[PDB]
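In the entry's author numbering, the protein residues as written are 139 to 185.
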DNA sequence: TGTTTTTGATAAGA
DNA sequence: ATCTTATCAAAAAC
């Protein structure tokens, strides 16, 4: 199968950053993954 | 060349 | 312009 873009570690962190107000576009770029992926891992309707 | 799993563009959104 | 969501083709792995 294909590996995940972010490990469970990165998920807790990104989750945090997102709650702290970091723009998904910025996080995408930095972690080198796609904005759509972030919206999947963390629905807007969940922050 | 083949399956699986997850990625990421993308279109649509009373 | 923005933001979000689910879809779906295919990249990534083996």
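From the three backbone atoms N, C-alpha and C, an ideal C-beta is built for every residue, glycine too.
Contact belief for residue 185 with residue 150 at Cβ below 8 Å, rounded distance in angstroms: Reading the first chain from its first residue, position 47 is the one you call residue 185. Reading the first chain from its first residue, position 12 is the one you call residue 150. In this structure residue 185 does not touch residue 150 by the C-beta definition: roughly 14 Å separates them, more than the 8 Å allowed.
Selected residue, minimal CA-CA separation from residue 148, among 139, 166 and 140: Residue numbering aside, residue 148 sits at position 10 when the first chain is read from its first letter. Proximity to residue 148 across 139, 166 and 140 peaks at 166, based on C-alpha coordinates.
Environment of residue 152 [buried if 16+ CB atoms lie within 10 Å]: Position 14 of the first chain, counted from the start, is the residue given in the question as residue 152. Under this definition residue 152 is a buried residue.
Three-state secondary structure (DSSP) of residue 154: Here residue 154 is taken as the residue at index 16 of the first chain, counted from 1. Helix at residue 154.
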